[PDB]
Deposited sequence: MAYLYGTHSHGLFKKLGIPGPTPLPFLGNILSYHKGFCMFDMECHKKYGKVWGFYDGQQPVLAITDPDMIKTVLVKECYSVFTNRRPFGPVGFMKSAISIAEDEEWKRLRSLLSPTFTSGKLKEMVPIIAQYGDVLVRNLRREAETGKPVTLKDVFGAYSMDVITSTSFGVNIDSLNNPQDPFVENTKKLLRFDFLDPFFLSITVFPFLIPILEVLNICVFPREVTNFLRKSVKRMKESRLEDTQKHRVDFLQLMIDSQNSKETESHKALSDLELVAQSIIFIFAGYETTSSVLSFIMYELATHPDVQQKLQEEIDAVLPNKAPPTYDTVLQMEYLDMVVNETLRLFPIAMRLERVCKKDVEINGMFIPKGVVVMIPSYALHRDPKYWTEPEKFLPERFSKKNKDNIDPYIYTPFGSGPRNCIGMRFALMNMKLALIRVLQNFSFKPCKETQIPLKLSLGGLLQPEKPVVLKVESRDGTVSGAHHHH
């Protein structure tokens, strides 16, 4: 069989069913299954997504070795994913030297210096956010954060990636908003894990998990802008300026544009929802932050790149949220060679997995781990936190390239919104929040809260 491998290496795990492997155990979802396995088996364990062996690892030295020490050499790519179509060229899907080349060609886009240049742009839609929120707070109707934050995240994306400027909550039907707004335990991807041999089938059928129509709209919408700016501060331009030299192709450039939307749309919006839920169910933290924000920005002063880094309690709130809700859930690299790391034989072809969610909630590193307690990130206690236990942006050469941009994007939305409003539970607010038993880190029920004007 293929299912004998962990039994042979003396590695414990749950016993796999033929063909299926352990996937029925995802019925309660990745994270609950990860927690269970941690408790039941210890520091290392194995399971099978279908015939695919996955070794979980939770020792910080070993995690360091995989994520940083042996990245370029051994643990370079994520778990194969498909069908992708032309998206094979997206950085996050790309493999080995094409990844190394893409990552280089795109790293200077995400510098502090280029980020500081984008703060004015990400600020103006904080204002747009307020005015849409006020229209909902002067009419004391409970608000669904995912639509209004979704509208906001969506606003920052189009602006920061193509210079297109819209109020997606208000022009929700402009052509540029439709395509762009468009789960690994849904019927489709569970089937991909049992029948991964079916991927090269869909590839030759140009069936793509990225719908073939959105990809066509932006391939052409990009080339319109490309040739309307060429010739006559955003991500697209920064990429156009890069291929003005091994340099970035034209279809390669459309693909990265798409990964950036997918990356910062549901994530920026989802995280902000998780932070407003905790702010509302912990109103002292909410007050403590409103004070810190008014002290650095008095009279509702507009935030700047520099003032944002000045805020310590703000950063603590963000970091403690991502501890409870690390939206990647897991990190993963494919072992490309027989290797021994930190005293353990890892055979070629195993997927190596770091169960972030489960370690963020591990009582052996965290006190009262399910309690929302920002103080664990105080300049006092922030030093007692293992950066290979807390990894909401991954770690090493393949960590989240957009990390600085995402923290800034979120913090700008939070500052402007707590400058103006307070957030209180409704009776229809789900307390305590229940995580989706599905395949995405998101709430069972969408977070609804009451909004009031300061």
Missing C-alpha stretches, by deposited numbering?
-> 1-7, 190-193, 244-248, 262-267, 477-487
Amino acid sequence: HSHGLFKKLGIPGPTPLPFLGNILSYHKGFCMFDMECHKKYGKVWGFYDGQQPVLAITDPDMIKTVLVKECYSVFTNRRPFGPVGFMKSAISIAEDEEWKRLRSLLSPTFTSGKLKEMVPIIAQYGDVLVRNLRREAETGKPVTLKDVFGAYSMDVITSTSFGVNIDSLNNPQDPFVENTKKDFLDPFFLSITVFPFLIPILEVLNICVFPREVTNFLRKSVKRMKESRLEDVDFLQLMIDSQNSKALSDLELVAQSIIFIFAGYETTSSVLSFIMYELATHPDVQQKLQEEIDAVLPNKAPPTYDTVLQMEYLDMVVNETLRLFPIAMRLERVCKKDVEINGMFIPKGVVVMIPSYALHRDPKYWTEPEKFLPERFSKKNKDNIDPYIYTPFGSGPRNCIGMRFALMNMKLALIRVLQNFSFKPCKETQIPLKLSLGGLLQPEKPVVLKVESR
From here on, numbers count along this sequence of modelled residues.
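C-alpha atoms forming the largest set that superposes within 1.5 Å between two forms make up the rigid core.
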Greater Cα displacement in 9 other deposited structures of this protein once the core is superposed, comparing 270-278 with 171-179 = 171-179
How do 340-348 and 82-90 compare in 9 other deposited structures of this protein: which one has C-alphas farther from this form after the rigid core is matched?
-> 82-90
Please report whether at least a third of the other compared entries leave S245 without coordinates.
-> yes
Of the other PDB entries compared that resolve residues on either side of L230, does at least a third omit it?
-> yes
Between 341-349 and 92-100, name whichever shows the higher mean Cα B factor according to the PDB entry.
-> 341-349
On mean C-alpha B-factor from the PDB entry, just flag whether 414-422 or 400-408 is the higher one.
-> 414-422
Residue, from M329, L309, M316, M239, that the PDB entry assigns the highest Cα B-factor = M239
Hey, out of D284, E117, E278, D186, whose CA B-factor is highest in the deposited coordinates?
-> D186
Ordered by C-alpha B-factor within the chain, which third holds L20? Give me lowest, middle or highest, please.
-> lowest
Against its chain's modelled residues, does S257's Cα B factor rank lowest, middle or highest third?
-> lowest
According to the PDB entry, is the CA B factor of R323 in the bottom, middle or top third of its chain, that is, lowest, middle or highest?
-> lowest
Chain-relative CA temperature factor third for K371 = middle
Of the three thirds of the chain ranked by Cα temperature factor, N206 occupies the highest
